[PDB]
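To start, the structure itself, in C-alpha cells.
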Amino acid sequence: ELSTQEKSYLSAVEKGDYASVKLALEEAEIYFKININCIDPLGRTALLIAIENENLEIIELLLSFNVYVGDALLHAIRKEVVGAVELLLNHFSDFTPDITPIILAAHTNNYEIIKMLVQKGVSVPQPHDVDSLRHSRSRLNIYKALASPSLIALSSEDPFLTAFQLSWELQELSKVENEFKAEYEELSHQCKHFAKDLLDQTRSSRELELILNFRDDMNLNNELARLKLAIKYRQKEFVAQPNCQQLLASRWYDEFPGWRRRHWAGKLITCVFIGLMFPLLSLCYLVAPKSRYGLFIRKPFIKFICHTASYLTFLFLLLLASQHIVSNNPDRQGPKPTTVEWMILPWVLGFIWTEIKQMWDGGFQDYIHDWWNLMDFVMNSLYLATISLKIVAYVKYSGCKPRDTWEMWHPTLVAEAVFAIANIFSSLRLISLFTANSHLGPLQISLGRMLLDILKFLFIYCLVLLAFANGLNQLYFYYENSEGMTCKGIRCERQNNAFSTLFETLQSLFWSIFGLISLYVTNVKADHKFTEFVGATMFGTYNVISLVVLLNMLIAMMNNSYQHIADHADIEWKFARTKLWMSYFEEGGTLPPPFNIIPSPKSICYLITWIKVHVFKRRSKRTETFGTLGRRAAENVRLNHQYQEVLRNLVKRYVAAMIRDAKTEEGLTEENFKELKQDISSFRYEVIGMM
Amino acid sequence: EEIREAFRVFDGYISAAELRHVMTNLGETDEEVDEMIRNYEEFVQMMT
Ligand SMILES: CCCCCC(=O)OC[C@H](COP(=O)(O)O)OC(=O)CCCCC
Ligand SMILES: [Ca+2]
C-alpha cells in the first residue's frame, strides 16, 4: 500500500509546508490522481499527522476540504492540543469502541479540554454479559474517567464527598475484580491524594473549620463531622494533612496553652499530677460539673490522662492481687472474694459496660474491624467467665481442703486460670496508648502492620509442625514406655514419652524451636537402634526446616515488609493517633471505668424510657416531645451557602495550583521536539513562498 | 404516625408567603428563609 504522488502530499503536510499542501488539495478536486484520506507506512492520516504536530493552519485547510475526520478528535484529545480540538469541535479505529471523547479527555486530566467538552453537553455513564474483557475494560475506563481531578472540579458539586465515595468504591472493588487490583488501588490512592491536595489549599483557619465541620442536617454543629466521615472511609492521607493536624492538636490541648515548654520532666510532673488526681477530679464531674472542675476533665487531654491512670491503677491492683499480703488461704475451696478482688470488680463492670456502649454505636461493623476491640472483648468475656466460675464455686465448695488434694477440673482452679489469662490480656492492652506518644507511635504501627505477614507464615509453620508430628507419632507410636516414668510427659524432669501420642508430639515439636527440649527423647526402652536413628533424623529434619529455613525466611520476609511499610509509617501513624484522639473528643464516656458504673443523677429516667420501646411509649417521642416550628433551615441554608463558597475558592485554588505546578513542570519528550522542528519548517516554507 | 400536631401556627394551605415573618417574629432574609419549604402535607412525613 503505497504511491509516489500522495506520499509527496503527506510529506508536505509532515514537514509543515503550506503552499504544496494547498496545491495538492485544490488539484485533487479536478483530477482523481490522489486519495486525500490515505494512510502512510506507519498508520497516520494526513489529518492525524497535522494533529500530531499542532499545526492548526493545515488542520483548518484539511477541515475546510472535507477530509474524512473519522476519530481524529480522539487523537487530538490524546495529544491534549487545545487549538486543534477547538477547530474540530466547530465541525477500523485505534481506540476501544466504548471510549467517548469525554472519557478520554478525563483520562488525560487536561483542564482546557474538559472545559470545552462539558460545555457541549457531554455525559459520562455510571457503573453499578457473555464476554468479559469488554465489560471490565469499560468499567475501568469509566472509573479512571471520573477519578480525574480535572473532571471532579467541573462536575461534583461536593468534591470532598465525591473523592471519598470514589476512593471507597475503588478500594472495595479492587478485591471484587482481583485481576486489575493494581490499577484500582492506584486510582484509589490517586483520588486520596486529590482529597489531601484539595484540603491543602485552605488559607485560613476559618476556611478550615468549615470544611472539617460540615454534614447534612436533615433536621436531625461543630463536632468535626466531616473529619469523622473521613475516618470512616479510611482516608488516612486526608487526616495526616499538616494544618488539619494542627487544628486537632489545638483542640486537644484546650485546657492550657503551650505544651511546648514541656521537656523530659516538665511534662511528666504535670501528667503524673493529674494521673494521681483523677479520683476526685472524676468525682467533681460526677456530682457538680457546673463551673469548678467538672469542665476540667471534660477537656480531652485530661480525659486521656484520667483514663490511662485508671487503667494503670487497674494493673496495679492486678499485680497486687497476687501478693500474699492480701491473698486468701490457698487451702480453701471457693473462697469469698478478697478485698483486692472487691476493688477490682468495679473495673470489670466498667470495662464491660464501656464495651457494650461502644458496640451499641458501631453495630458489630467497625467493632470487629479493630483488632484491639477484639482483644478487649475476649478479655471481658474471660472476666465474665471468672466471675461466674468463682460464684458457682462459692455456692458449693465448703472449703477446708489442701490444694494438693483438689480433684482435677475444679471450678476454683479453672476460675484462677481464666483470671490469669485475662490479666495477661489486660496488661497487654495498654499498648494501644503508645499510639499517642510520638516515639512509640510509628514503631507500634509497624508492629501492627507486619503481624499479618507473621500470621500468613505461621500458618505454614503450623502445617509443617502437623506434618512432622504425624510422622513422629507414626514412628514412636508403640513404645508407650510408662512403667517407671513418673509424671509422664514432655514437661518432666527427664523429658520422657515426648513422642508417644499426638498431643505430646505436637507439644514437643513446639518446644524444640526454642531449644527447651533435649535429645534422648528419641531414645526408646530397647536396642532398636534403627528406629532411634530414623526418629532422630526426622527430628533433625524438623529442626533444620524450622530454625534454619523457616525462621530465617520469616526474618527475610519481614525485612522487606518493613522496607515497604516505612514509606507510609508516618501518615498511617498520624491516622491511628487521630483515631485515638477523636475517641476522647466527644462528651460520651468521659468517666473512667472505676467511676463509670456509678449511676447517673437520674439513673431511672433514661433507662426506662429507652426500655419503653416494645410498648406504646416508643411512639410517644415525636408527637409531644417536639411541637415547635423547627426553625433551623434558615441557619442551615446560610451555613451550606458559606460552605459552598469555601469549596468554590478551594477548587479554584487547586486548579490554579495544578496547572502551574504539574502541567508546566513535567519533562520534555520527543513529540515536543518534533512540534518545534515542524514550526520552524513551516516558517521556512512560508517565508520562502513570500519571496 | 404521630403527625399533624405542629400545625398550631397561624395559617389551611401553607405557602412561602406567610411563613417569612413567622420565623422573623421569633427569629431574625428572603433569599435563604424561602428555602425552608424548598405545596402542602410533606413536612410531617419523611421526617424519620
Ligand atoms: C535437611 C536435613 C538434614 C539431615 C538432618 C539429620 O538429622 O541428619 C544428620 C546426619 C546424622 O545425624 P542424625 O541423623 O541427626 O543423628 O548427619 C549429617 O548428615 C549432618 C549434615 C548437616 C546438614 C545441615
Ligand atoms: Ca474498645
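Every residue, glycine as well, gets a Cβ built from its backbone with ideal geometry; the counts of neighbours run over all protein chains shown. Here, each number is a calculation from the coordinates, and none is a lab measurement.
A few points about this structure:
- Too-long pairs where the Cα-Cα distance tops 21 Å, listed order kept, from A:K15/A:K79; A:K175/A:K236; A:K144/A:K579: A:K144/A:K579
- Note on region B:1-47: with charges restricted to the Cβ of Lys and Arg (+1) and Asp and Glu (-1), its dipole about the Cα centre is near 160 debye.
- For the peptide A:28-37, the mean number of other protein chain Cβ atoms found within 10 angstrom of a residue's Cβ is 0.
- Region A:46-116 shape via C-alpha gyration tensor axes, a/c threshold 1.5: oblate
- Ranked by the mean number of other Cβ atoms within 10 Å of their residues, highest first, the peptides A:308-316, A:452-460 fall in the order A:308-316, A:452-460.
- Cα-only Debye scattering, the protein assembly as shown: base-10 log of I(q)/I(0) at q = 0.07, 0.09 Å⁻¹: -0.83, -1.12
- Charge context of A:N66, other residues only, Cβ under 15 angstrom, K/R +1, D/E -1: -2
- Considering all different alpha carbon pairs of region A:404-464, the Kirkwood hydrodynamic radius works out to 15.0 Å.
- Sequentially through region A:130-142, phi angles give Karplus couplings (6.51, -1.76, 1.60; θ = phi - 60°) of 5, 8, 10, 6, 4, 5, 5, 4, 5, 5, 5, 5, 4 Hz, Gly and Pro residues having no value and appearing as x.
- Summary of the geometry: region A:281-329 and region A:79-143, compared by the centres of their Cα atoms, lie 62 Å apart.
- The calculated pair-distance distribution of region A:254-308 uses every alpha carbon pair, bins of 5 angstrom beginning at 0, and gives 5, 19, 28, 25, 14, 7, 2, 0 percent.
- Gyration tensor over the Cα atoms of region A:173-248: the corresponding equivalent ellipsoid has semi-axes (square roots of 5 times the eigenvalues, largest first) of 27, 16, 9 Å.
- Over chain A: helical MRE at 222 nm, DSSP H runs n ≥ 4 each giving -39500 (n - 2.57), nearest 500: -19000 deg cm²/dmol
- Long-range amide H partners of A:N496 with built H, under 5 Å: A:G489
- Modelled spin-label separation between A:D98 and B:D30, with each label point placed 7 Å from Cα along the Cα-to-Cβ direction: 5.1 nm.
- Residues in region A:490-512 reached by a label modelled at A:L554 [backbone nitrogen below 20 Å; 7 Å Cα→Cβ]: A:505-512
- Simple point charges give the picture: +1 on the Cβ of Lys and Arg, -1 on the Cβ of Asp and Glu, and for chain A a dipole about the Cα centre of about 4300 debye.
- When the Cα positions of A:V464, A:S148, A:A420 are compared along the charge dipole of chain A, A:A420 comes out farthest toward the positive end, with charges on each C-beta of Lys, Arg, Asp and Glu.
- Summed residue charge, Cβ within 10 Å of A:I565's Cβ, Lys/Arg positive, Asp/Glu negative: -2
- Counting only Cβ charges, +1 for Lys and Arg and -1 for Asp and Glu, the dipole size of region A:396-531 around its Cα centre is about 280 debye.
- Cα centroids of region A:144-161 and region A:574-610: 39 Å apart.
- Extension gain for A:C462-A:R260 works out to 67.7 nm (0.36 nm per residue, less the C-alpha to C-alpha distance).
- In a fully extended conformation the segment linking A:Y478 and A:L312 would gain 54.5 nm over its present Cα-Cα distance, using 0.36 nm per residue.
- Here region B:1-47 was treated as a single set of alpha-carbon atoms; its pair distances binned every 5 Å from 0 give 5, 17, 29, 25, 18, 5, 1 percent.
- With 5 Å bins beginning at zero, the pair-distance distribution over Cα atoms of region A:549-691 amounts to 2, 6, 5, 5, 6, 9, 10, 9, 8, 8, 7, 7, 5, 3, 3, 2, 2, 2, 1, 1, 0 %.
- Relative frequency of Cα-Cα separations exceeding 14 Å in region A:97-164, percent: 58 percent
- Its residues counted as N, region A:522-623 yields a C-alpha radius of gyration over 2.2 N^0.38 Å of 2.45.
- Cα centroid separation, region A:620-664 to region A:1-78: 52 Å.
- Listed residues A:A84, A:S600, A:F180: farthest to the positive end of the dipole of chain A (Cβ charges): A:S600
- Equivalent ellipsoid, region A:463-545 (semi-axes from 5 times Cα gyration tensor eigenvalues, Å): 18, 15, 11
- Annotation for A:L430 and A:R491: the two label points, set 7 Å from Cα along the Cα-Cβ direction, are 2.8 nm apart.
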